[PDB]
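Colleague: Quick one: the structure is below, and I'll ask about it shortly.
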Amino acid sequence: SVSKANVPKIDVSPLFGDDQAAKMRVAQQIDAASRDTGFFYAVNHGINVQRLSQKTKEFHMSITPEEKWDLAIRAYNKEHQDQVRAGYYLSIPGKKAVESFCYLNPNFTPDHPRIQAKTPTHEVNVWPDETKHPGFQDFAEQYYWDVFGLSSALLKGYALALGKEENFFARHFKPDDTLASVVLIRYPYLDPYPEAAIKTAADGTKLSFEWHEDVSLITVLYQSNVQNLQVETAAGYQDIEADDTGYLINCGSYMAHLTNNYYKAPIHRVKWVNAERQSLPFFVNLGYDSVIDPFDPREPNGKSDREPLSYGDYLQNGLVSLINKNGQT
Ligand SMILES: C=C[C@@H](NC(=O)[C@H](CS)NC(=O)CCC[C@H](N)C(=O)O)C(=O)O
Ligand SMILES: [Fe+2]
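If you're matching positions, the sequence shown starts at 3 in the entry's author numbering and goes up one per residue.
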């Protein structure tokens, strides 16, 4: 058998309030989890995840092949040269099971200065027809702001955990410029399930997505109650138990960079499971020009031998590298 990963459930509700003592105790829990397996569940997070799941299901199960082409990213539809990130990511029956829809900051409007400049990683979201998907765009945009709010609170916890003032990360995480994304991923039940859509790890484990580190500062993830994720530890790969009432939180490689690897980006992978399920990450990305000066909370003077890296650089190149390593999703 595979052992269960330590993934503590942390009540993050104090991070929304003004009790500094209570916030420090939450920060300690985040520090402990970040130094151990690198995963925890945020509970008492205030988001209606059942409604998120229901609205997402309604979308995934009603969108048509025609709409998918019309919303497709550039990788699937050469007509859509502006859609590197945002849009529909198609399945390929017989070959690729997963499909998804990605959207970015709703404030990336046609008049936004980064959209006008055509700065990489900024795009105007594409949406299905309102009549075909009533309420979906409005729900999805509001969800962006709900999970943005949770993420801001979590970032206060991480900052305090690292010995910083609570706005150390959050001051770079702003509604007008965040590069954060939501992805609404459908992993289908299929009978028969295409073997071409299944990868095998060195240890024989059947996978839907190979080992990787996240391209994010942190990742704030809702999933169904179907166990699938594994994290690599010193004791080997361990199963992360599902909890469809919580958000699974981990650091990405930008956090590892900033902290000189004190908070590592945990290596994880996705087991193949023949089950209809949802994976709904929010990738907490900063602004394109955000630069956090790296430091080391294990060294007396906090100094680092890493160089500052702008977030936009990190993200554009990180997303391309992840596609190269683990395939176009
Ligand atoms: C987080 C869970 C999910 N994995 C993923 O979403 C995988 C590895 S984290 N991530 C990606 O492909 C990066 C998508 C980035 C997104 N298009 C954007 O432009 O910002 C899975 O369930 O497979
Ligand atoms: Fe991941």
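Yeah, the Cβ is synthetic: ideal placement off N, Cα and C, and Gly gets one too.
Answer yes if the region 12-28 comes into contact with the region 156-170, meaning at least three C-beta pairs across the two stretches below 8 Å, and no otherwise.
Modeller: As far as the Cβ criterion goes, the region 156-170 touches the region 12-28, which means the pair count is three or higher.
Colleague: Would residue 243 and residue 9 be called neighbours here (beta carbons separated by less than 8 Å)?
Modeller: Contact: yes.
Colleague: Can you tell which of 97, 128, 120 has its C-alpha closest to the C-alpha of residue 106?
Modeller: The shortest C-alpha separation from residue 106 is found at 128.
Colleague: Check whether the Cβ of residue 223 sits closer than 7 Å to any heavy atom of ligand 1, and report yes or no.
Modeller: Within the cutoff, so yes.
Colleague: Do you know whose CA, among 284, 170, 167, 262, lies nearest residue 216's CA?
Modeller: The option with the nearest alpha carbon to residue 216 is 284.
Colleague: Please check the pair residue 280 and residue 64, which I expect to be a contact at CB under 8 Å, by giving their CB distance rounded to whole angstroms.
Modeller: Between residue 64 and residue 280 the Cβ distance is about 15 Å, and since that is not below 8 Å, they are no contact.
Colleague: Please check the pair residue 99 and residue 190, which I expect to be a contact at CB under 8 Å, by giving their CB distance rounded to whole angstroms.
Modeller: Rounded, the Cβ-Cβ distance is 6 Å, consistent with contact.
Colleague: Report back the beta-carbon spacing between residue 233 and residue 268 to the nearest angstrom; my notes put them in contact at under 8 Å.
Modeller: Right, the Cβ-Cβ distance comes to about 5 Å (below 8 Å), so this counts as a contact.
Colleague: Assuming residue 150 contacts residue 177 under a Cβ cut-off of 8 Å, what Cβ separation, rounded to an integer in Å, is found between them?
Modeller: About 7 Å; that satisfies the 8 Å criterion.
Colleague: With C-beta atoms as the reference, is residue 181 less than 8 Å away from residue 321?
Modeller: For residue 181 and residue 321, no; Cβs fall outside 8 Å.
Colleague: Enumerate in chain order the residues of its own chain whose CB-to-CB distance from residue 51 is below 6 Å, with the five nearest sequence positions on each side excluded.
Modeller: Counting only Cβ-Cβ distances below 6 Å, and skipping sequence neighbours, we find 224.
Colleague: Write down every uninterrupted run of the beta strand (DSSP E) in the region 18-72 whose length is 3 residues or greater and which is fully enclosed by it, in chain order.
Modeller: Within the region 18-72, the complete beta strand (DSSP E) runs of at least 3 residues are 41-45.
Colleague: Based on the DSSP output, what are the partners of residue 308 in its beta bridges?
Modeller: Paired residues: none, contrary to the question.
Colleague: What residues in its chain sit with their C-beta under 7 Å from that of residue 6, if we drop five residues either side in the sequence?
Modeller: For residue 6, where only same-chain residues beyond five positions count, the Cβ hits under 7 Å are 240, 241, 243.
Colleague: Any chance you could list the beta strand (DSSP E) runs of at least 3 consecutive residues sitting entirely within the region 209-236, in chain order?
Modeller: With a minimum length of 3 residues, the continuous beta strand (DSSP E) runs that stay inside the region 209-236 are 220-225, 231-235.
Colleague: Compare the beta carbon distance of residue 300 and residue 212 with 8 Å and say whether it is the shorter of the two.
Modeller: No, the Cβ-Cβ distance between residue 300 and residue 212 is not below 8 Å.
Colleague: On the DSSP letters alone, give me the boundaries of the alpha helix (DSSP H) that residue 101 sits inside.
Modeller: Looking at the DSSP string, residue 101 is not in any alpha helix (DSSP H); the run it does join, the beta strand (DSSP E), is 101-105.
Colleague: Does DSSP put residue 93 in a helix, a strand or coil?
Modeller: If DSSP states are grouped into helix, strand and coil, residue 93 belongs with coil.
Colleague: So, at 6 Å on beta carbons, what are the nonlocal neighbours of residue 103 in its own chain, with the 5 sequence-adjacent residues on each side left out?
Modeller: Taken in chain order, the residues that qualify are 90, 186.
Colleague: So, at 7 Å on beta carbons, what are the nonlocal neighbours of residue 155 in its own chain, with the 5 sequence-adjacent residues on each side left out?
Modeller: So the list reads 14, 17, 18, once near-sequence residues are dropped.
Colleague: Suppose contacts are defined by Cβ-Cβ distances below 8 Å. Is residue 62 in contact with residue 74 by that definition?
Modeller: Cβ distance not < 8 Å, so residue 62 and residue 74 don't count as in contact.
Colleague: By Cβ distance below 6 Å, which residues in the same chain neighbour residue 183 in space, the five residues on each side in sequence not counted?
Modeller: Hits under 6 Å: 104, 106, 285.
Colleague: Please tell me whether, using a cut-off of 7 Å, the distance from the CB of residue 241 to the nearest non-hydrogen atom of ligand 2 is below it.
Modeller: No, Cβ of residue 241 sits at least 7 Å from all heavy atoms of ligand 2.
Colleague: Where does residue 148 fall in DSSP's three states?
Modeller: Here residue 148 sits in helix by DSSP.
Colleague: If you drop the 5 nearest sequence neighbours on each side, which residues of the same chain put their C-beta closer than 6 Å to that of residue 245?
Modeller: So the qualifying residues of the chain are 43.
Colleague: Which stretch, first to last residue, makes up the alpha helix (DSSP H) that contains residue 255?
Modeller: Run containing residue 255: 255-260, per the alpha helix (DSSP H) assignment.
Colleague: Are the region 201-212 and the region 246-260 touching by the rule of at least three beta carbon pairs closer than 8 Å?
Modeller: No: fewer than three Cβ pairs fall under 8 Å.
Colleague: At what residues does the alpha helix (DSSP H) containing residue 315 begin and finish?
Modeller: From DSSP, the alpha helix (DSSP H) with residue 315 extends over 313-328.
Colleague: Taking Cβ positions, are residue 33 and residue 163 nearer each other than 8 Å?
Modeller: Contact flag set, yes.
Colleague: Which word fits residue 28, buried or exposed, when buried means at least 16 other C-beta atoms lie within 10 angstroms of its C-beta?
Modeller: Classification for residue 28: buried.
Colleague: Starting from residue 117 and walking both ways along the alpha helix (DSSP H), at which residues does that stretch end?
Modeller: From DSSP, the alpha helix (DSSP H) with residue 117 extends over 115-118.
Colleague: On the CB-based measure, 16 or more other CB atoms within 10 Å of its CB, does residue 131 come out buried or exposed?
Modeller: It counts as exposed.
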